[PDB]
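First, one chain by itself in structure tokens, the form deposited in one PDB entry.
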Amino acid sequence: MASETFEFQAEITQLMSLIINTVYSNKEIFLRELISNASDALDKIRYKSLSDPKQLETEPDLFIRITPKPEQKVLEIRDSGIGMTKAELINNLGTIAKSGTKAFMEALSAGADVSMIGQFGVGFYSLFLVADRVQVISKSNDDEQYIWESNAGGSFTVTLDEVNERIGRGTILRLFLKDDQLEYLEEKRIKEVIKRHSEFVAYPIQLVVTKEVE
């Protein structure tokens, strides 16, 4: 189907521009922020299910799963959290981050470390440290599966999903890695980053590794 195009709140476009271009050394912090967001979304579906247990039935398994796709230079981070409807994708990713992004950029101006980004509630955008494009594929129990896409420019698209694997419920962040950040496709590197900055996660963190049978 046809994609619909939307404009980001301008301060989010400013933040994306700063992040995709920064020469900040510690780019690996992106993974912590995305694992944190995944964990939060899983918190949300668990909490919602306390009073509406059927909500878990679309995907009873609660997990965070990381899949490198070397041939496409893609890294996927999936969770079986609450997901986002079309309206939530438009709102959560293109609008509500306006306030945090403004305050965070002022902090960056003054010398704050880019790693503080999560404390300003806008850690999602740290993916542009390693990626130049992202598709957020999401399925909420309350809507169809949709794809939100951004290349850090001022507009994003949202498209009903007729091309990706069905998610039972949850979200996949599909990161198209920059040419000099392909280390994040490697098994050893990924495990090293996770072990370092994400030790207290309540959900299993699965790593999908592809190997040749010899």
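One rule holds for the numbers: they count along the sequence shown, beginning at 1. The term rigid core refers to the maximal set of C-alpha atoms that superpose within 1.5 Å between the two forms.
Beyond the structure shown, there is the form deposited in another entry, which is absent from this document and is the topic of what follows.
Considering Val74, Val136, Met105, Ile77, one residue stands apart with a C-alpha shift of at least 2 Å between this form and the one not shown following superposition on the core, and it is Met105. Once both forms are fitted on their rigid core, the CA atom of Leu62 lies less than 2 Å apart between this form and the one not shown. Once the cores line up, the CA of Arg169 ends up less than 2 angstroms apart between this form and the one not shown.
The Cα shift for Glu149 between this form and the one not shown, taken after rigid core superposition, is smaller than 2 angstroms.
Compared with the form shown, the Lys48-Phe120 C-alpha separation increases in the other form, the change being 3 Å or greater.
Note: the CA-CA distance for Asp132 and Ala97 contracts in the other form relative to this form, by 3 angstroms or more.
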